[PDB]
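A short write-up of the structure that comes next.
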Amino acid sequence: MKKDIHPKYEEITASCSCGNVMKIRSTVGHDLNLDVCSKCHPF
Amino acid sequence: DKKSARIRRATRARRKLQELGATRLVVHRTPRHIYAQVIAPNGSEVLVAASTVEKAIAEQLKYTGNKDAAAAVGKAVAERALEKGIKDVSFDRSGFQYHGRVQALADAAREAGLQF
Amino acid sequence: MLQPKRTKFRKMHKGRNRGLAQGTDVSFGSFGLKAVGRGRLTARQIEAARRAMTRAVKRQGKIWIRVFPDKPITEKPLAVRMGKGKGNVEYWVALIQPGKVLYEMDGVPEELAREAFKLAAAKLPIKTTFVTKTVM
Amino acid sequence: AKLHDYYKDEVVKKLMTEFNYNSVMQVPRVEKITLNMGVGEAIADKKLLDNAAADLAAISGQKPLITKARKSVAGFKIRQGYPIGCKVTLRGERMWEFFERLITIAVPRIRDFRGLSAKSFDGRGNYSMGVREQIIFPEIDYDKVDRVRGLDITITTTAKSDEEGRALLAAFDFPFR
Amino acid sequence: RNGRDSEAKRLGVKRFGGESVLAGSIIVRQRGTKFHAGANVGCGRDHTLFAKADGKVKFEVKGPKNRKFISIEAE
Amino acid sequence: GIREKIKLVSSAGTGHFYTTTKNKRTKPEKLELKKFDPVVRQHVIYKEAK
RNA sequence: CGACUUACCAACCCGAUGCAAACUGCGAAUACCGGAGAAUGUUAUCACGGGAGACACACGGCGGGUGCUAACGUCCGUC
RNA sequence: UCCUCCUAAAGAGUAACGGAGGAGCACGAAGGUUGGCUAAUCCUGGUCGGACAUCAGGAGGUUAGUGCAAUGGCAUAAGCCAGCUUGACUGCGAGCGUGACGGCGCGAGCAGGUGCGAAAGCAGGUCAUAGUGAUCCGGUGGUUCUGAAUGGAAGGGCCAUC
RNA sequence: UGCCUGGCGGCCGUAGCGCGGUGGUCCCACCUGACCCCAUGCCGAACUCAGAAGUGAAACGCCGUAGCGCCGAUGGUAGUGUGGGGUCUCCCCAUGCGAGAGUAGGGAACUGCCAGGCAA
């Protein structure tokens, strides 16, 4: 894995409106707010 | 294919040594039991071989297929070649990068008398 | 007026007509016209012979042409001295060796087939004979 | 990584029972995922390539590489060796977390959603699809980007045919409408 | 608009199979490598094959592609 | 024949020089190859000149 | 957004038939190069020296280009 | 004038105001070495994207590519990518090819000093074959070689080059 | 000595493709992890290191099958050197050499050195 060439991949906790919370490592930033997820959605 | 890529990689070196007409030290590497062989210029007979597959050399090193194993095999080929009489040889990578176990085997061999 | 399309070269050497024909057997129809003599057939001659048979058979049956010109022939213009390069292409000819099958035909009676081929051979510059499809 | 444990926990057994294979490795398994972005408009403005690469780094966990034209074609005014797109291939562990983000936060956020397609198979077991806009992924704030360009996704597995690939994907609760 | 040609380069085999040659003598002159150098035979920059040792020249076919080789044996 | 001929002068005091060609339109900067000087029998830096 | 037929145009392929100086997945006879051997030939061979002439060729056979598979035509190869 | 194919008759060579095409360069890298890689064309899925951009898989085995026309060659790649570099080096050169000659071409090996590689080794430009002009006269730099009474110098010679 | 396995060759399509079966005691492959050695013009993909859980799925080796590729006669034919002849822009005779394609058929290899396991 090359160094100082990739974006930061820090962990962050995200929760949606329907009460589902999960931890994901991404580049979103500081905080995230969601309304729908895999479940609790009219898919 | 891993084998096809490796053979293609080593073909030029093998041909160069073949036309040069000199005894060559050929090493075969796998996830376990690194091998080594000495081949006559004609390529038809094996002067001497060593490896960690035989109990005579596999009864000391903790695990076969590491840096320590390469040094043992590299050393093992040395005194065998010196005892046989042949001194100068040409190292053959056989398509294996000369970085880790292959380098360790060669380093052990060269410091043990088989200068090349 | 049979003629190739976008041939590789405009002109080619005269060559020679030695040898022996290859397509010596009927392969498509049941009757055919075999070449006895040796020579070359122009595109005009092939067209004239083809028209003669089609009229003779009254557009009944099938007609196969087993020869293609695929060979340009040049001719110097009148009142032109020798030299100054190869002449311009004028017409296309097909080299014919003995035994070559010129035309093949099927779907008509043998009796009507003989006269149709006889009319065509009358408009060709090489001795020809009538042949029938052989069993193997 | 969590679904990788989920895959190793009973999905392999689910694959085992349904296809009653002889061995365990016979079950299909994903090995890598690939992201493509055929921008195409590098000729009009090559400056946008860098930012077009940047967002893919936002969705992905690593730096993309810019692909160059295989050959020059007069119908597109593109010369050989000219960058006209970028791609990303992710495997190992990082693919799993991205697969989570796609299957949990991305698919539901599709504008005018109707259902994930089930006929998008190459005929050997590899799945491909595309997206209209970037805001589906959370890494876009709607104010730092002003482009409508989309991207393509493609997941490749060791399936020998579509039937096991579709069955394997179904085990991952794919919509397949 | 024709009439142009190039001076002939006099290529071809200079020494044929079964005749002794001296070291450094030209065996084959060729544009490409129709014949490949074998034993005691060297290849020049223009693909010329010359003898690197004194002996008898022989031709043979070897390799998976059945490509022709020229060798020299010290006889 | 846009390519024009230049002279490479040894950095040593010896007057030996090499002659070559270069394209000033594309590569206008000087040439600093390291070549062998037989007067001193050493490899030295050669500078471009007229 | 499913999808279907065709009296009608037709790609790529498959089976059969041909053609090519500037096509070859095949391939002679001769010729040419090298080696060994007997007979034969006034050394017929090669190298060096003295003296030349000649450098407008023609027809015939064979293999061709050109021309009209015309020319006691013209241009090459070999006897 | 030079290069490639055919004519040219299976060694070489071989004419015509015979049939086809090209050259009067380019490149400090497109050279050297070390390490690695392997196309064209089709089929299926996929946003713009459409027969033809990019991605994934499959058939294919070089129909690709090789700075420039053609022929021969090229998987050990001579084709594609990257690191380090200047052997595109000096003095020679056994032995051959090719020419009537002037001349042109190939070249192991030796000495000196370099580059790449752990090393065996490779490198005296470029996949090869066109990219070129004798001699005279004169210019520039080096070299007591000479320098017409002597010491210098001028001018010549030799070497590199225009 | 035999069934096997790996490496280095000879030989190069009778040796290569397609279909079916077969192999984990060793060896081989896949495979877990990779902070460190090493690398991605991004990716433990590839290369490299630390391992051996699991497996014979893929690949690889072996066996069977002619469905292809491939090899291939005898005979005849074409061509052809030399010497003659003809209704001589093409052929024939005596003698020497003798294809290509196709046919019957063959055919899904053989072999040397070294190292390791099992049975001997």
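FYI, side chains are in, hydrogens and waters are out, and symmetry mates aren't considered; it's all heavy atoms of this structure. Lettering of chains follows the sequences in order, A, B, ..., and the numbering in each one begins at 1.
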**Prompt:** Who is the Watson-Crick or G-U wobble partner of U6(G), with both distances under 3.5 Å?
**Reply:** none
**Request:** Starting from P on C106(H), measure out to NZ on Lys52(E) and report it in whole angstrom.
**Result:** 17 Å
**Asked** Watson-Crick or G-U wobble, both distances under 3.5 Å: is that what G105(I) and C47(I) have going on?
**Response** no
**Fill in**
Judged by nearest nucleotide, the residue sitting upstream toward the 5' end of RNA chain G, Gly83(C) or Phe16(E), is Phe16(E)
**Watson-Crick or G-U wobble pair, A30(H) with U86(H), both distances under 3.5 Å** = no
**Item:** Contact letters for nucleotides 94-102 of chain H, in which S counts primed atoms plus P, OP1 and OP2 and B counts the base, heavy atoms under 4.0 Å
**Value:** BBBSSS---
**Request:** With the stacking criterion set to ring centres under 5.5 Å and planes under 30°, output yes or no for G56(I) and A57(I).
**Result:** no
**Prompt:** Major or minor groove for the side chain of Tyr63(B), going by base atoms under 5.0 Å?
**Reply:** major
**Pairing between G113(H) and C96(H), Watson-Crick or wobble, both under 3.5 Å** = no
**Asked** Is any side-chain heavy atom of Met95(D) less than 4.5 Å from a side-chain heavy atom of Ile155(D)?
**Response** no
**Asked** According to a 3.5 Å cut-off on both distances, are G96(I) and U82(I) Watson-Crick or G-U wobble paired?
**Response** no
**Message:** Considering every strand and a 4.0 Å limit on heavy-atom distances, what is the contact class for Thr33(E): base, sugar-phosphate, or nothing?
**Reply:** base
**Request:** For the pair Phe28(C) and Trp64(C), name the ring-plane relationship: parallel under 30°, tilted 30 to 60°, perpendicular over 60°.
**Result:** parallel
**Asked** Does the distance from a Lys or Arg side-chain N to an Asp or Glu carboxylate O, for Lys30(F) and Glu32(F), drop under 4.0 Å?
**Response** no
**Request:** Go through residues 67-95 of chain D and report each residue with a non-hydrogen atom lying under 4.0 Å from RNA chain G, sorted by number.
**Result:** none
**Prompt:** Just checking: is there a Watson-Crick or G-U wobble pair between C62(I) and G81(I), both distances under 3.5 Å?
**Reply:** no
**Request:** Could you give the distance separating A71(G) and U82(I) at their P atoms, to the nearest angstrom?
**Result:** 26 Å
**Fill in**
Comparing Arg18(C) with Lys76(C), nearest RNA chain G nucleotide closer to 5' gives the residue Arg18(C)
**Prompt:** Base, sugar-phosphate, or nothing: which does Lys22(F) touch, judged by heavy atoms less than 4.0 Å apart?
**Reply:** nothing
**Request:** Using the P atom on both, measure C13(G) against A20(H) and round to a whole Å.
**Result:** 31 Å
**Fill in**
Whole-Å distance, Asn66(B) CG to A50(I) P, equals 5 Å
**Message:** Students often mix this up, so state it plainly: with edges at 30° and 60°, are the rings of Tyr21(D) and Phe19(D) parallel, tilted or perpendicular?
**Reply:** parallel
**Request:** Decide which of the two grooves, major or minor, lies under 5.0 Å from some side-chain heavy atom of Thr154(D); the other groove has no such atom.
**Result:** minor
**Request:** Evaluate the ring planes of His28(B) and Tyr35(B), with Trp represented by its six-membered ring, and classify them as parallel (under 30°), tilted (30 to 60°) or perpendicular (over 60°).
**Result:** tilted
**Partner nucleotide of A8(H) by Watson-Crick or wobble geometry (both distances under 3.5 Å)** = none
**Complete:** Taken in chain and number order and not counting sequence neighbours, the residues that satisfy salt bridge (charged side-chain N to carboxylate O under 4.0 Å, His left out) with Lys35(F) are none
**Item:** Interatomic distance at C1', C48(H) relative to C4(G), whole Å
**Value:** 30 Å
**Prompt:** Does NZ belonging to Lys9(E) count more than 12 external heavy atoms closer than 6.0 Å?
**Reply:** yes
